[PDB]
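What follows is the content of run-v4.pdb (PDB, C-alpha atoms).
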```pdb
ATOM      1  CA  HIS B   1      17.977  50.827  34.173
ATOM      2  CA  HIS B   2      18.649  50.995  37.904
ATOM      3  CA  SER B   3      16.514  49.246  40.563
ATOM      4  CA  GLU B   4      16.871  36.703  47.071
ATOM      5  CA  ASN B   5      18.517  33.879  45.079
ATOM      6  CA  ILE B   6      19.258  32.940  41.438
ATOM      7  CA  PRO B   7      17.521  29.755  40.293
ATOM      8  CA  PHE B   8      19.585  27.069  38.559
ATOM      9  CA  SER B   9      22.780  29.110  39.076
ATOM     10  CA  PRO B  10      25.853  27.124  37.999
ATOM     11  CA  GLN B  11      28.579  26.296  40.561
ATOM     12  CA  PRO B  12      30.798  29.293  41.553
ATOM     13  CA  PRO B  13      34.536  29.173  40.941
ATOM     14  CA  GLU B  14      36.746  28.744  44.028
ATOM     15  CA  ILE B  15      38.045  32.179  45.102
ATOM     16  CA  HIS B  16      41.431  32.696  46.749
ATOM     17  CA  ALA B  17      40.732  35.692  49.057
ATOM     18  CA  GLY B  18      39.361  36.686  52.445
ATOM     19  CA  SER B  19      36.046  37.979  51.050
ATOM     20  CA  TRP B  20      34.235  38.614  47.750
ATOM     21  CA  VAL B  21      31.086  39.937  46.095
ATOM     22  CA  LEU B  22      30.142  39.850  42.387
ATOM     23  CA  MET B  23      27.107  42.080  41.979
ATOM     24  CA  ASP B  24      24.812  43.106  39.132
ATOM     25  CA  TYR B  25      24.488  46.837  38.543
ATOM     26  CA  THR B  26      20.979  47.164  37.147
ATOM     27  CA  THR B  27      19.432  45.114  40.012
ATOM     28  CA  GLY B  28      21.930  44.951  42.846
ATOM     29  CA  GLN B  29      21.664  41.169  42.803
ATOM     30  CA  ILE B  30      24.597  39.180  44.229
ATOM     31  CA  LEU B  31      25.695  36.544  41.678
ATOM     32  CA  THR B  32      28.198  34.975  44.155
ATOM     33  CA  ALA B  33      29.861  35.901  47.461
ATOM     34  CA  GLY B  34      32.087  34.596  50.299
ATOM     35  CA  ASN B  35      32.448  36.077  53.817
ATOM     36  CA  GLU B  36      30.914  39.276  52.453
ATOM     37  CA  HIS B  37      29.870  40.909  55.750
ATOM     38  CA  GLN B  38      33.132  40.387  57.673
ATOM     39  CA  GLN B  39      34.443  43.735  58.983
ATOM     40  CA  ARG B  40      37.807  44.458  57.361
ATOM     41  CA  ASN B  41      39.833  47.646  57.260
ATOM     42  CA  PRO B  42      39.303  49.144  53.738
ATOM     43  CA  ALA B  43      42.561  51.266  53.783
ATOM     44  CA  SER B  44      42.584  53.654  50.710
ATOM     45  CA  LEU B  45      39.174  52.299  49.597
ATOM     46  CA  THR B  46      37.692  54.719  52.088
ATOM     47  CA  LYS B  47      38.341  57.230  49.200
ATOM     48  CA  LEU B  48      35.397  55.806  47.286
ATOM     49  CA  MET B  49      33.183  57.303  49.985
ATOM     50  CA  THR B  50      35.197  60.530  49.916
ATOM     51  CA  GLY B  51      34.499  60.876  46.169
ATOM     52  CA  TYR B  52      30.858  60.003  46.824
ATOM     53  CA  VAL B  53      30.380  62.924  49.240
ATOM     54  CA  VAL B  54      31.908  65.155  46.486
ATOM     55  CA  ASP B  55      29.513  63.712  43.903
ATOM     56  CA  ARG B  56      26.529  64.311  46.220
ATOM     57  CA  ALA B  57      27.725  67.860  46.933
ATOM     58  CA  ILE B  58      27.643  68.523  43.155
ATOM     59  CA  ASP B  59      24.305  66.735  42.680
ATOM     60  CA  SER B  60      22.518  68.963  45.313
ATOM     61  CA  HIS B  61      24.132  72.178  43.813
ATOM     62  CA  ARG B  62      25.969  73.067  47.050
ATOM     63  CA  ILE B  63      29.159  72.951  44.905
ATOM     64  CA  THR B  64      29.989  72.906  41.160
ATOM     65  CA  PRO B  65      33.019  71.236  39.474
ATOM     66  CA  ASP B  66      34.185  74.684  38.158
ATOM     67  CA  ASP B  67      34.422  76.105  41.688
ATOM     68  CA  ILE B  68      37.953  77.451  42.419
ATOM     69  CA  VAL B  69      39.237  76.119  45.696
ATOM     70  CA  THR B  70      42.167  77.450  47.631
ATOM     71  CA  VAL B  71      44.543  74.943  49.178
ATOM     72  CA  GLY B  72      45.153  75.544  52.922
ATOM     73  CA  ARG B  73      48.320  74.297  54.681
ATOM     74  CA  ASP B  74      46.049  71.427  55.732
ATOM     75  CA  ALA B  75      46.259  70.045  52.174
ATOM     76  CA  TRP B  76      50.052  70.417  51.818
ATOM     77  CA  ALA B  77      52.299  67.325  52.414
ATOM     78  CA  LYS B  78      55.307  69.377  53.504
ATOM     79  CA  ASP B  79      55.161  69.505  57.361
ATOM     80  CA  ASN B  80      52.291  66.909  57.641
ATOM     81  CA  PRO B  81      53.681  63.525  58.874
ATOM     82  CA  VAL B  82      50.191  62.076  58.228
ATOM     83  CA  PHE B  83      51.053  62.258  54.464
ATOM     84  CA  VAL B  84      54.714  61.170  53.890
ATOM     85  CA  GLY B  85      54.932  57.897  51.895
ATOM     86  CA  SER B  86      51.309  58.216  50.799
ATOM     87  CA  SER B  87      49.965  59.109  47.365
ATOM     88  CA  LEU B  88      49.600  62.804  46.487
ATOM     89  CA  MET B  89      48.367  65.296  43.891
ATOM     90  CA  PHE B  90      51.261  67.502  45.149
ATOM     91  CA  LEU B  91      49.216  70.598  45.901
ATOM     92  CA  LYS B  92      50.885  73.630  47.507
ATOM     93  CA  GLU B  93      49.362  76.122  49.963
ATOM     94  CA  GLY B  94      47.884  79.047  47.998
ATOM     95  CA  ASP B  95      47.194  76.934  44.918
ATOM     96  CA  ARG B  96      43.820  77.764  43.419
ATOM     97  CA  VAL B  97      42.324  74.578  41.879
ATOM     98  CA  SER B  98      38.940  73.484  40.428
ATOM     99  CA  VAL B  99      36.680  70.993  42.225
ATOM    100  CA  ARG B 100      37.057  69.012  38.962
ATOM    101  CA  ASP B 101      40.879  68.924  39.088
ATOM    102  CA  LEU B 102      40.768  68.096  42.810
ATOM    103  CA  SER B 103      38.307  65.192  41.994
ATOM    104  CA  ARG B 104      40.846  63.959  39.404
ATOM    105  CA  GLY B 105      43.675  64.114  41.978
ATOM    106  CA  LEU B 106      41.494  62.093  44.404
ATOM    107  CA  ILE B 107      40.532  59.493  41.824
ATOM    108  CA  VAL B 108      43.445  59.207  39.425
ATOM    109  CA  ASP B 109      46.286  59.941  41.910
ATOM    110  CA  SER B 110      44.447  58.724  45.028
ATOM    111  CA  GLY B 111      45.604  62.078  46.439
ATOM    112  CA  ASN B 112      45.406  62.353  50.191
ATOM    113  CA  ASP B 113      46.107  66.090  50.008
ATOM    114  CA  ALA B 114      43.209  66.427  47.547
ATOM    115  CA  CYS B 115      40.832  64.765  50.073
ATOM    116  CA  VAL B 116      41.697  67.296  52.747
ATOM    117  CA  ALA B 117      41.211  70.257  50.372
ATOM    118  CA  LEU B 118      37.877  68.952  49.124
ATOM    119  CA  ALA B 119      36.814  68.203  52.719
ATOM    120  CA  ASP B 120      37.582  71.754  53.967
ATOM    121  CA  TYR B 121      35.787  73.218  50.972
ATOM    122  CA  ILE B 122      32.707  70.926  51.302
ATOM    123  CA  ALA B 123      32.065  70.722  55.066
ATOM    124  CA  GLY B 124      34.280  73.526  56.450
ATOM    125  CA  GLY B 125      36.551  70.865  57.970
ATOM    126  CA  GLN B 126      37.920  67.334  58.264
ATOM    127  CA  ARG B 127      35.694  66.055  61.120
ATOM    128  CA  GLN B 128      32.448  67.454  59.590
ATOM    129  CA  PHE B 129      33.290  65.714  56.351
ATOM    130  CA  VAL B 130      33.610  62.398  58.232
ATOM    131  CA  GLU B 131      30.213  63.229  59.726
ATOM    132  CA  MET B 132      28.891  63.410  56.146
ATOM    133  CA  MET B 133      30.776  60.228  55.181
ATOM    134  CA  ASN B 134      29.021  58.419  58.059
ATOM    135  CA  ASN B 135      25.663  59.965  57.166
ATOM    136  CA  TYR B 136      25.992  58.593  53.587
ATOM    137  CA  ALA B 137      27.055  55.151  54.789
ATOM    138  CA  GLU B 138      23.924  55.197  57.018
ATOM    139  CA  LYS B 139      21.562  56.405  54.197
ATOM    140  CA  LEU B 140      22.956  53.727  51.867
ATOM    141  CA  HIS B 141      22.577  51.065  54.634
ATOM    142  CA  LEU B 142      26.295  50.298  54.954
ATOM    143  CA  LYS B 143      25.649  48.439  58.233
ATOM    144  CA  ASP B 144      29.223  47.141  58.591
ATOM    145  CA  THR B 145      30.808  50.532  57.769
ATOM    146  CA  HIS B 146      32.369  53.373  59.823
ATOM    147  CA  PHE B 147      34.882  56.067  58.882
ATOM    148  CA  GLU B 148      37.286  58.207  60.964
ATOM    149  CA  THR B 149      39.429  60.214  58.470
ATOM    150  CA  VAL B 150      38.833  61.812  55.015
ATOM    151  CA  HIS B 151      41.483  59.691  53.241
ATOM    152  CA  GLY B 152      41.716  56.390  55.254
ATOM    153  CA  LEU B 153      45.135  57.226  56.660
ATOM    154  CA  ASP B 154      45.712  57.215  60.450
ATOM    155  CA  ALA B 155      42.314  55.574  60.974
ATOM    156  CA  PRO B 156      42.494  52.244  62.932
ATOM    157  CA  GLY B 157      38.803  52.548  63.861
ATOM    158  CA  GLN B 158      37.538  52.642  60.267
ATOM    159  CA  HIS B 159      35.946  49.469  58.808
ATOM    160  CA  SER B 160      33.775  48.145  55.980
ATOM    161  CA  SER B 161      32.784  44.865  54.275
ATOM    162  CA  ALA B 162      33.041  43.438  50.781
ATOM    163  CA  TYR B 163      29.255  43.722  50.516
ATOM    164  CA  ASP B 164      29.084  47.343  51.789
ATOM    165  CA  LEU B 165      31.753  48.400  49.230
ATOM    166  CA  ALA B 166      29.835  46.626  46.457
ATOM    167  CA  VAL B 167      26.788  48.659  47.515
ATOM    168  CA  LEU B 168      28.785  51.891  47.762
ATOM    169  CA  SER B 169      30.329  51.202  44.372
ATOM    170  CA  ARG B 170      26.886  50.724  42.788
ATOM    171  CA  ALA B 171      25.802  54.109  44.269
ATOM    172  CA  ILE B 172      28.965  55.787  42.833
ATOM    173  CA  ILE B 173      28.358  54.326  39.338
ATOM    174  CA  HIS B 174      24.705  55.578  39.691
ATOM    175  CA  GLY B 175      25.527  59.172  40.688
ATOM    176  CA  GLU B 176      26.703  62.048  38.566
ATOM    177  CA  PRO B 177      27.664  60.721  35.092
ATOM    178  CA  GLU B 178      30.904  62.698  34.569
ATOM    179  CA  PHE B 179      32.050  62.007  38.076
ATOM    180  CA  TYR B 180      32.136  58.250  37.635
ATOM    181  CA  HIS B 181      33.924  58.682  34.245
ATOM    182  CA  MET B 182      37.017  60.035  36.066
ATOM    183  CA  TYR B 183      37.588  56.457  37.348
ATOM    184  CA  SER B 184      38.482  55.528  33.805
ATOM    185  CA  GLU B 185      41.041  58.361  33.146
ATOM    186  CA  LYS B 186      44.482  56.797  32.802
ATOM    187  CA  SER B 187      46.650  59.804  33.856
ATOM    188  CA  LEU B 188      46.764  63.182  35.522
ATOM    189  CA  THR B 189      49.364  65.914  35.068
ATOM    190  CA  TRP B 190      49.338  68.396  37.947
ATOM    191  CA  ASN B 191      51.866  71.159  38.709
ATOM    192  CA  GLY B 192      54.380  69.564  36.289
ATOM    193  CA  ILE B 193      54.046  65.991  37.685
ATOM    194  CA  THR B 194      52.314  63.199  35.733
ATOM    195  CA  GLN B 195      51.050  60.089  37.565
ATOM    196  CA  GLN B 196      49.265  56.848  36.506
ATOM    197  CA  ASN B 197      45.880  55.551  37.610
ATOM    198  CA  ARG B 198      46.809  52.679  39.971
ATOM    199  CA  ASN B 199      43.984  50.430  38.680
ATOM    200  CA  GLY B 200      45.784  48.003  36.383
ATOM    201  CA  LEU B 201      42.573  46.440  35.077
ATOM    202  CA  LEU B 202      41.814  49.618  33.020
ATOM    203  CA  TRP B 203      44.417  48.443  30.404
ATOM    204  CA  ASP B 204      42.964  44.908  30.107
ATOM    205  CA  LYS B 205      42.690  43.960  26.430
ATOM    206  CA  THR B 206      39.922  41.375  26.962
ATOM    207  CA  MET B 207      37.119  43.414  28.733
ATOM    208  CA  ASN B 208      35.625  46.939  29.072
ATOM    209  CA  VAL B 209      36.693  47.605  32.687
ATOM    210  CA  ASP B 210      36.243  51.240  33.741
ATOM    211  CA  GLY B 211      36.757  49.946  37.282
ATOM    212  CA  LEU B 212      37.185  51.589  40.650
ATOM    213  CA  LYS B 213      40.235  51.076  42.874
ATOM    214  CA  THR B 214      42.911  48.706  44.178
ATOM    215  CA  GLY B 215      44.450  48.706  47.646
ATOM    216  CA  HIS B 216      46.216  47.109  50.533
ATOM    217  CA  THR B 217      45.552  46.748  54.248
ATOM    218  CA  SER B 218      48.651  46.299  56.433
ATOM    219  CA  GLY B 219      48.667  42.594  57.512
ATOM    220  CA  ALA B 220      45.271  41.737  55.968
ATOM    221  CA  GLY B 221      46.084  41.346  52.257
ATOM    222  CA  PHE B 222      45.206  42.947  48.976
ATOM    223  CA  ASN B 223      41.880  44.413  47.890
ATOM    224  CA  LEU B 224      40.100  45.494  44.683
ATOM    225  CA  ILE B 225      36.919  47.060  43.231
ATOM    226  CA  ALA B 226      36.464  46.519  39.475
ATOM    227  CA  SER B 227      33.404  47.058  37.292
ATOM    228  CA  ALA B 228      32.972  45.891  33.699
ATOM    229  CA  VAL B 229      30.496  46.585  30.959
ATOM    230  CA  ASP B 230      29.487  44.225  28.157
ATOM    231  CA  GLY B 231      26.747  45.620  25.939
ATOM    232  CA  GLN B 232      23.890  46.906  28.092
ATOM    233  CA  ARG B 233      24.972  45.291  31.421
ATOM    234  CA  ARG B 234      27.451  45.967  34.191
ATOM    235  CA  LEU B 235      29.018  43.870  36.950
ATOM    236  CA  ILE B 236      30.816  44.891  40.068
ATOM    237  CA  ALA B 237      33.515  42.593  41.529
ATOM    238  CA  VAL B 238      34.829  43.309  45.056
ATOM    239  CA  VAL B 239      37.783  41.214  46.193
ATOM    240  CA  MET B 240      39.306  41.546  49.693
ATOM    241  CA  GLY B 241      42.274  39.862  51.384
ATOM    242  CA  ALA B 242      43.881  38.242  48.311
ATOM    243  CA  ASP B 243      47.471  36.830  48.831
ATOM    244  CA  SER B 244      49.174  39.200  46.467
ATOM    245  CA  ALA B 245      48.513  42.011  44.037
ATOM    246  CA  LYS B 246      48.577  39.517  41.153
ATOM    247  CA  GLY B 247      46.012  37.342  42.944
ATOM    248  CA  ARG B 248      43.379  40.077  43.271
ATOM    249  CA  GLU B 249      43.756  40.988  39.593
ATOM    250  CA  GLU B 250      43.266  37.301  38.598
ATOM    251  CA  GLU B 251      40.523  36.613  41.184
ATOM    252  CA  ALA B 252      38.622  39.812  40.240
ATOM    253  CA  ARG B 253      38.796  39.049  36.499
ATOM    254  CA  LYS B 254      37.964  35.349  37.249
ATOM    255  CA  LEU B 255      34.782  36.586  39.002
ATOM    256  CA  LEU B 256      33.792  39.059  36.257
ATOM    257  CA  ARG B 257      34.561  36.579  33.509
ATOM    258  CA  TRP B 258      32.325  33.931  35.185
ATOM    259  CA  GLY B 259      29.709  36.628  35.586
ATOM    260  CA  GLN B 260      29.920  37.684  31.932
ATOM    261  CA  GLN B 261      29.813  34.274  30.243
ATOM    262  CA  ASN B 262      27.234  32.441  32.404
ATOM    263  CA  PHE B 263      24.581  35.069  33.278
ATOM    264  CA  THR B 264      22.506  37.766  31.575
ATOM    265  CA  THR B 265      20.415  40.619  33.054
ATOM    266  CA  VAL B 266      17.008  40.801  31.299
ATOM    267  CA  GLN B 267      13.875  42.859  31.218
ATOM    268  CA  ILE B 268      11.065  40.591  32.421
ATOM    269  CA  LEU B 269       8.277  43.218  32.839
ATOM    270  CA  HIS B 270       7.358  46.458  30.958
ATOM    271  CA  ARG B 271       3.795  47.591  29.913
ATOM    272  CA  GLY B 272       1.917  44.643  28.366
ATOM    273  CA  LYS B 273       0.183  41.296  27.814
ATOM    274  CA  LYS B 274       1.096  39.081  30.811
ATOM    275  CA  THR B 275       1.761  45.078  34.392
ATOM    276  CA  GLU B 276       2.285  48.567  35.693
ATOM    277  CA  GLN B 277       5.846  47.648  36.864
ATOM    278  CA  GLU B 278       9.048  47.441  34.853
ATOM    279  CA  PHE B 279      11.054  44.470  36.263
ATOM    280  CA  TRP B 280      14.612  43.225  35.603
ATOM    281  CA  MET B 281      16.260  40.024  36.714
ATOM    282  CA  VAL B 282      19.618  38.221  36.727
ATOM    283  CA  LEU B 283      19.326  34.740  35.068
ATOM    284  CA  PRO B 284      21.752  32.095  33.808
ATOM    285  CA  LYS B 285      21.986  32.190  30.024
ATOM    286  CA  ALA B 286      21.019  28.525  29.805
ATOM    287  CA  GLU B 287      17.762  29.513  31.585
ATOM    288  CA  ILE B 288      16.566  32.115  29.004
ATOM    289  CA  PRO B 289      14.747  29.578  26.803
ATOM    290  CA  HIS B 290      13.065  28.114  29.943
ATOM    291  CA  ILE B 291      11.475  31.312  31.438
ATOM    292  CA  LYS B 292       7.677  31.555  31.173
ATOM    293  CA  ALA B 293       5.145  34.037  32.544
ATOM    294  CA  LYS B 294       2.028  32.242  33.847
ATOM    295  CA  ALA B 295     -11.478  50.372  35.786
ATOM    296  CA  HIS B 296      -7.682  51.073  35.696
ATOM    297  CA  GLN B 297      -6.292  48.337  38.006
ATOM    298  CA  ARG B 298      -7.056  44.596  38.295
ATOM    299  CA  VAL B 299      -7.134  41.389  40.333
ATOM    300  CA  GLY B 300      -4.938  38.449  39.439
ATOM    301  CA  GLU B 301      -1.211  37.795  39.742
ATOM    302  CA  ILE B 302       1.672  36.968  37.376
ATOM    303  CA  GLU B 303       3.748  33.916  38.294
ATOM    304  CA  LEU B 304       7.156  33.762  36.597
ATOM    305  CA  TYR B 305       8.516  30.259  35.910
ATOM    306  CA  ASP B 306      12.016  29.000  35.178
ATOM    307  CA  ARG B 307      11.508  25.410  33.880
ATOM    308  CA  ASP B 308       8.942  23.965  36.379
ATOM    309  CA  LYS B 309       9.926  26.247  39.316
ATOM    310  CA  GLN B 310       8.177  29.512  40.181
ATOM    311  CA  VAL B 311      10.584  32.392  40.878
ATOM    312  CA  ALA B 312       8.928  35.698  41.856
ATOM    313  CA  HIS B 313       5.360  36.858  41.495
ATOM    314  CA  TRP B 314       3.594  40.269  41.042
ATOM    315  CA  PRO B 315       0.007  41.499  40.598
ATOM    316  CA  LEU B 316      -1.981  41.324  37.318
ATOM    317  CA  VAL B 317      -3.611  44.518  35.983
ATOM    318  CA  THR B 318      -5.831  45.429  32.949
TER     319      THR B 318
END
```

Representation of the structure as structure tokens:
Amino acid sequence: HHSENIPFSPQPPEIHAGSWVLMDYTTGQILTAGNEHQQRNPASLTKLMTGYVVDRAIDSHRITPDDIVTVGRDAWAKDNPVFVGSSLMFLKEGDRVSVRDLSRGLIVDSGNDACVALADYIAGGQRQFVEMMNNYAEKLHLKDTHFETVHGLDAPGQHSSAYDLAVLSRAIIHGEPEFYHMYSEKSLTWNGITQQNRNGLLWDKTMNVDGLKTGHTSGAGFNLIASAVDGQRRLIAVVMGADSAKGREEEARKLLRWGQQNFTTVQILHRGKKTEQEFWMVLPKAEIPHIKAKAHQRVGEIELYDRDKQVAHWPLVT
């Protein structure tokens, strides 16, 4: 399924980073969070939004992943100082490439060239694509978020928040199914060059992480967006401003592990003896044995209890 405060929530672990959000997928509920709204430069994480515009372009049928795109000199790292040092798909002017293979270059390689080529194809140009990136931050209520460039390079004005990126990540996971799946592909070969997905957590042999993206912000630490499944439930950990690359891996998997062991996401409501609503909730596992629920329409209300404390309330029907 996809949709204030968690009752009797155990104490959060201490988190060594600037900012953090651990969020539930089904509900969007924050399980824990520190300094989550502080404006911080996202660096390459801007590319989550870039992929999202591509996803939404496919979803509205304006493009298709089979569409054959021609690479302008725009999307070629030779002669563009904007690109040197940065990560690339290594496209050449005159290359004819699928939307799909450009989406893989974006995601798996974090290809800055690929962003430009997708941008020109999708909006007709770089600045119109950023207009769309800002329109989709505004639709999604990313109140701390503003973009300037299609790849996050040469963009000192751009900014986001741990919270906003949690929200954007949930929208990404909830979009086109085969788009999100490309975040889990471990490698891409393009024009004779093979490169590795930079998200180390994908190879973790203790979870099912199909996560998003890692990054770094000149003089503001190390950042991460992971997401993990366990059975029928998904968590999203954003970490920002960790000391070191090893920190953000350990802090992100410390968050997700504490999420996984101590909480569950459950179906409270459905169709029966008590609603018209289906309703899902994030609860501590220790709280599951303590939850109690005390013409066409009707006139009472349902009052959900955890132990002897009411938490939420909805009308009573039939």

_When the PyMOL selection byres ((chain B and resi 34-46) around 7) is applied to the structure above, which residues does it catch, written out as a ChimeraX atom specification?_
/B:19-21,33,47-50,144,151-152,158-163,213,215-217

*Determine the residue set returned by the PyMOL selection byres ((chain B and resi 298) around 12) for the present structure, and present it as a list in words.*
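Selected by the PyMOL selection byres ((chain B and resi 298) around 12) in this file: residues 275, 276, 295, 296, 297, 299, 300, 301, 302, 314, 315, 316, 317 and 318 of chain B.
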
*Find the residue from B:102, B:209, B:91, B:193 that sits nearest to residue 65 in chain B; use all atoms listed in the file when measuring.*
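The closest residue to residue 65 in chain B is B:102.
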
*If we count all atoms listed in the file, what is near residue 240 in chain B at a cut-off of 8 Å, once residues fewer than 3 positions away on the same chain are taken out, given as a ChimeraX atom specification?*
/B:17-20,162,221-224,248

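Around range 127-131 of chain B, within 8 Å and counting all atoms listed in the file, the residues found are residues 119, 120, 147, 148, 149 and 150 of chain B, once anything fewer than 6 positions away on its own chain is removed.
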
*Tell me, as a ChimeraX atom specification, which residues lie within 8 Å of residue 89 in chain B, counting all atoms listed in the file; anything in the same chain fewer than 5 positions away does not count.*
/B:105-106,109-114,190

*Quick one, how far is CA of residue 237 in chain B from CA of residue 206 in chain B?*
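Between these atoms lies a distance of 16.0 Å.
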
*Which one of B:8, B:203, B:52, B:305 sits closest to residue 136 in chain B if you count only C-alpha atoms?*
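Closest residue, counting only C-alpha atoms: B:52.
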
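Atom to atom, CA of residue 281 in chain B and CA of residue 267 in chain B stand 6.6 Å apart.
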
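With all atoms listed in the file as the atoms that count, the minimum distance from residue 242 in chain B to the choices B:264, B:274, B:214, B:175 is reached by B:214.
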
*asked:* With distances taken over all atoms listed in the file, which residue among B:63, B:312, B:225, B:168 lies nearest residue 143 in chain B?
replied: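 Distance minimum relative to residue 143 in chain B lands on B:168.
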
*Spatial neighbours of residue 16 in chain B, 8 Å, only C-alpha atoms, chain gap at least 4 places, as a PyMOL selection string*: chain B and resi 242-243+247+251

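The coordinates place CA of residue 211 in chain B at 6.6 Å from CA of residue 228 in chain B.
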
_Target residues per the PyMOL selection byres ((chain B and resi 104) around 12), formatted as an MDAnalysis selection string_ = chainID B and resid 51 54 65 88:89 97:103 105:112 114:115 118 178:190 195:197

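Distance annotation: of B:94, B:177, B:28, B:12, the residue with the minimal separation from residue 58 in chain B is B:177; atom set is only C-alpha atoms.
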
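Among the candidate residues B:53, B:220, B:69, B:75, the one lying nearest to residue 137 in chain B is B:53, with distances computed using all atoms listed in the file.
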
Excluding residue 77 in chain B and any residue of its chain fewer than 2 positions from it, enumerate the residues within 10 Å of it, using only C-alpha atoms, and give them as an mmCIF file with C-alpha atoms, keeping the file's coordinate frame.
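Output saved as result.cif:
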```cif
data_model
loop_
_atom_site.group_PDB
_atom_site.id
_atom_site.type_symbol
_atom_site.label_atom_id
_atom_site.label_comp_id
_atom_site.auth_asym_id
_atom_site.auth_seq_id
_atom_site.Cartn_x
_atom_site.Cartn_y
_atom_site.Cartn_z
ATOM 1 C CA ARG B 73 48.320 74.297 54.681
ATOM 2 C CA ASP B 74 46.049 71.427 55.732
ATOM 3 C CA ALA B 75 46.259 70.045 52.174
ATOM 4 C CA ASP B 79 55.161 69.505 57.361
ATOM 5 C CA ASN B 80 52.291 66.909 57.641
ATOM 6 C CA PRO B 81 53.681 63.525 58.874
ATOM 7 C CA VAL B 82 50.191 62.076 58.228
ATOM 8 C CA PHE B 83 51.053 62.258 54.464
ATOM 9 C CA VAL B 84 54.714 61.170 53.890
ATOM 10 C CA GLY B 85 54.932 57.897 51.895
ATOM 11 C CA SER B 86 51.309 58.216 50.799
ATOM 12 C CA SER B 87 49.965 59.109 47.365
ATOM 13 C CA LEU B 88 49.600 62.804 46.487
ATOM 14 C CA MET B 89 48.367 65.296 43.891
ATOM 15 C CA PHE B 90 51.261 67.502 45.149
ATOM 16 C CA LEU B 91 49.216 70.598 45.901
ATOM 17 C CA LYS B 92 50.885 73.630 47.507
ATOM 18 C CA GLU B 93 49.362 76.122 49.963
ATOM 19 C CA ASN B 112 45.406 62.353 50.191
ATOM 20 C CA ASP B 113 46.107 66.090 50.008
#
```

Complete the atom set of range 25-36 of chain B to N, CA, C and O atoms and return it as a PDB file, in the coordinates of the input.
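selection.pdb was written with the following content:
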```pdb
ATOM      1  N   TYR B  25      24.653  45.398  38.356  1.00  0.00           N
ATOM      2  CA  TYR B  25      24.488  46.837  38.543  1.00  0.00           C
ATOM      3  C   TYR B  25      23.029  47.201  38.498  1.00  0.00           C
ATOM      4  O   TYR B  25      22.510  47.825  39.456  1.00  0.00           O
ATOM      5  N   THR B  26      22.386  46.839  37.386  1.00  0.00           N
ATOM      6  CA  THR B  26      20.979  47.164  37.147  1.00  0.00           C
ATOM      7  C   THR B  26      20.104  46.834  38.362  1.00  0.00           C
ATOM      8  O   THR B  26      19.265  47.633  38.711  1.00  0.00           O
ATOM      9  N   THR B  27      20.333  45.682  38.999  1.00  0.00           N
ATOM     10  CA  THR B  27      19.432  45.114  40.012  1.00  0.00           C
ATOM     11  C   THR B  27      19.972  45.091  41.426  1.00  0.00           C
ATOM     12  O   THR B  27      19.197  44.933  42.376  1.00  0.00           O
ATOM     13  N   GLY B  28      21.295  45.137  41.558  1.00  0.00           N
ATOM     14  CA  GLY B  28      21.930  44.951  42.846  1.00  0.00           C
ATOM     15  C   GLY B  28      21.992  43.526  43.348  1.00  0.00           C
ATOM     16  O   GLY B  28      22.366  43.295  44.509  1.00  0.00           O
ATOM     17  N   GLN B  29      21.653  42.571  42.480  1.00  0.00           N
ATOM     18  CA  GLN B  29      21.664  41.169  42.803  1.00  0.00           C
ATOM     19  C   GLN B  29      23.085  40.569  42.916  1.00  0.00           C
ATOM     20  O   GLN B  29      23.907  40.675  42.000  1.00  0.00           O
ATOM     21  N   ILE B  30      23.363  39.931  44.037  1.00  0.00           N
ATOM     22  CA  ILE B  30      24.597  39.180  44.229  1.00  0.00           C
ATOM     23  C   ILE B  30      24.583  37.859  43.450  1.00  0.00           C
ATOM     24  O   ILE B  30      23.794  36.974  43.756  1.00  0.00           O
ATOM     25  N   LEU B  31      25.473  37.755  42.454  1.00  0.00           N
ATOM     26  CA  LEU B  31      25.695  36.544  41.678  1.00  0.00           C
ATOM     27  C   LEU B  31      26.495  35.468  42.425  1.00  0.00           C
ATOM     28  O   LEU B  31      26.243  34.286  42.236  1.00  0.00           O
ATOM     29  N   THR B  32      27.513  35.866  43.194  1.00  0.00           N
ATOM     30  CA  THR B  32      28.198  34.975  44.155  1.00  0.00           C
ATOM     31  C   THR B  32      28.938  35.808  45.211  1.00  0.00           C
ATOM     32  O   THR B  32      29.173  37.007  45.017  1.00  0.00           O
ATOM     33  N   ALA B  33      29.293  35.182  46.329  1.00  0.00           N
ATOM     34  CA  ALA B  33      29.861  35.901  47.461  1.00  0.00           C
ATOM     35  C   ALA B  33      30.369  34.984  48.562  1.00  0.00           C
ATOM     36  O   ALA B  33      29.718  34.018  48.870  1.00  0.00           O
ATOM     37  N   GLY B  34      31.536  35.303  49.138  1.00  0.00           N
ATOM     38  CA  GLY B  34      32.087  34.596  50.299  1.00  0.00           C
ATOM     39  C   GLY B  34      32.440  35.591  51.390  1.00  0.00           C
ATOM     40  O   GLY B  34      33.025  36.617  51.085  1.00  0.00           O
ATOM     41  N   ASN B  35      32.045  35.309  52.636  1.00  0.00           N
ATOM     42  CA  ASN B  35      32.448  36.077  53.817  1.00  0.00           C
ATOM     43  C   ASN B  35      32.236  37.600  53.607  1.00  0.00           C
ATOM     44  O   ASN B  35      33.066  38.443  53.978  1.00  0.00           O
ATOM     45  N   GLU B  36      31.111  37.936  52.986  1.00  0.00           N
ATOM     46  CA  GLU B  36      30.914  39.276  52.453  1.00  0.00           C
ATOM     47  C   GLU B  36      30.640  40.370  53.488  1.00  0.00           C
ATOM     48  O   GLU B  36      30.744  41.572  53.144  1.00  0.00           O
TER      49      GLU B  36
END
```
